[PDB]
Each structure stands twice: as structure tokens, then as C-alpha cells.
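Participant:
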Amino acid sequence: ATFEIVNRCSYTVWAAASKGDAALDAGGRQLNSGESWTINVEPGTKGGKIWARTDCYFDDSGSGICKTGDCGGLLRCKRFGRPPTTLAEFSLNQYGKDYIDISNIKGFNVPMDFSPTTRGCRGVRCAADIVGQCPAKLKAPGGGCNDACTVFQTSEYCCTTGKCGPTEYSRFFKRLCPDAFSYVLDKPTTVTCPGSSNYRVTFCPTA
Numbered sequence: 020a021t022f023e024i025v026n027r028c029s030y031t032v033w034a035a036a037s038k039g040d041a042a043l044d045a046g047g048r049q050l051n052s053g054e055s056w057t058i059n060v061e062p063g064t065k066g067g068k069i070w071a072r073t074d075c076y077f078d079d080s081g082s083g084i085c086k087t088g089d090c091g092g093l094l095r096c097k098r099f100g101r102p103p104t105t106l107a108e109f110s111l112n113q114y115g116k117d118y119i120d121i122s123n124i125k126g127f128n129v130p131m132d133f134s135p136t137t138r139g140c141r142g143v144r145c146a147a148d149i150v151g152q153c154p155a156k157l158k159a160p161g162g163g164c165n166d167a168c169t170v171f172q173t174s175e176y177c178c179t180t181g182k183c184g185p186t187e188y189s190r191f192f193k194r195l196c197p198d199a200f201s202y203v204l205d206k207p208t209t210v211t212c213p214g215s216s217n218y219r220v221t222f223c224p225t226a
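Residue 134 in the numbering used here sits at position 115 of the sequence shown, and the numbers go up by one each step.
1) If you follow the beta strand (DSSP E) that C212 is in, where does it begin and where does it stop?
2) Quick check: what's the CA-CA separation for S215 versus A167?
3) Considering only residues of the same chain and omitting the five flanking positions on each side of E175, which have a CB-CB separation below 8 Å?
4) From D74 to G163, what distance separates their C-alpha atoms?
5) Using the beta-carbon count (16 or more within 10 Å), is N51 buried or exposed?
6) Cutting at 7 Å between CB atoms, please list the residues of its own chain near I124, excluding the five before and the five after it.
7) Measure from the alpha carbon of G46 to the alpha carbon of each residue in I69, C28 and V25, then state which is nearest.
8) Using 8 Å as the threshold, is the segment 87-95 in touch with the segment 140-153, meaning 3 or more CB pairs across them?
9) So, for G161: in the same chain, excluding its five sequence neighbours on each side, which residues have a beta-carbon less than 6 Å away from its beta-carbon?
10) Three or more C-beta pairs closer than 8 Å, one from the segment 204-223 and one from the segment 148-159: is that the case here?
11) Going by the C-beta, is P154 closer than 7 Å to any heavy atom of the ligand NAD?
Shown next as C-alpha cells:
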């Protein structure tokens, strides 16, 4: 499946793509403002995620640090990134279908649109100014808006017991972006696409 990842932000981002125990394609690449990077993701990929990382420095071997979404200091991500990270999430060819969503469960760093480029389903978007509006206690001094689990480590925010409800913090993300997951048990905003769709992830789709 092809994912065209496009940076419409006015700032550079370093895109990242992983399924948590492996890179997808090269796993990561710098995208200057306006650049597009097309990756190939193997059919059947379960639990893949794409995100942006901001304010990164890499040496000549691809080792360094990002202020948001760092994946163990690598340019080419092999694991998931450090919160806060707006997440494009997808499981492909799952009994005939693809499933996509955007999630703020790990916080928010960069706005995103995640849309099929082939027929038969709608895209999802979380493009509101969540960093500018972020509640004081969730603001990440590093950049971005953390989710309450990352900040407070409680069963209720982390849904550790499987039994949690919405909270004042989850409701903030859900108010600014109704079309993304705001906590683990949020009412699903997952979109079902034809098996083997192709997609485009656009960072800063409205700015």
C-alpha cells in the first residue's frame, strides 16, 4: 500500500512510520515545508502508525534527538515515538478491509489529515490548534500538548484496568478534534476502507 506523506507545515518535520517492533519502509525521513515522501507499507500491516517529529538533530549516521516524537534517537524509526505525538493509525487487509484513524491518546504535536487516495471511504482530520489551546497542566515544555496519561500516570487516564471514562483532559482533545480518539475507550472514530487502499497523510492540512 502506498502512503504519500506530505508536509504542508511552514516548518520542517521528520516523518516517522513504524508498527512498533519494526520500521515501515525506511522508518523516517526529513520533510522540509512542502515536501512529499511516498512510502510502501506491506499488505497485512497490523497496528502501523505514522507521525511527525519536530526540532530534530541527527548526526551523519542518523543518530540524534527530536523534541517531539523521538523514536530512540534514530532518524529511521524502528519503534513508536515519545509523546506528545498526533498519530495516524492503520491496520491493513484485516479480513478484507483496511481500518484507519487519528488518535490523540498519546497527545498532539502537529495537525494532520489522514485520507485515502483511492475510492470508497472518507478521510479523518485533527487540524485544530490544540498546542496553542492546550490546558496549562498538559503543555509539554519540549513542544506539544501531552495526553493526561503521560503526565499523571493514573489508572483512570491510562485505562489500565480496562474500565475508564472520559475526563476533563480527554474532553479537551475531543472538543478541539471530535474526529480523533481522545482516550482509550472513546467511542471509535475508526473508518473502514476497501482492503488494499492507498492513503495520504498531510501535516498542517489547513495551515
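The beta carbon of each residue, even a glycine, is placed where N, CA and C say it ideally should be.
Facilitator: By the coordinates alone:
1) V210 to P213
2) 35 Å
3) If you ignore the 5 residues before and after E175, its C-beta comes within less than 8 Å of the C-beta of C183, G184 and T186, all in its own chain and listed in chain order.
4) 11 Å
5) exposed
6) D166, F200, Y202 and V203
7) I69
8) They do not touch, by the three-pair rule.
9) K86
10) no
11) This structure does not include the ligand NAD; it has no bound ligands of any sort.
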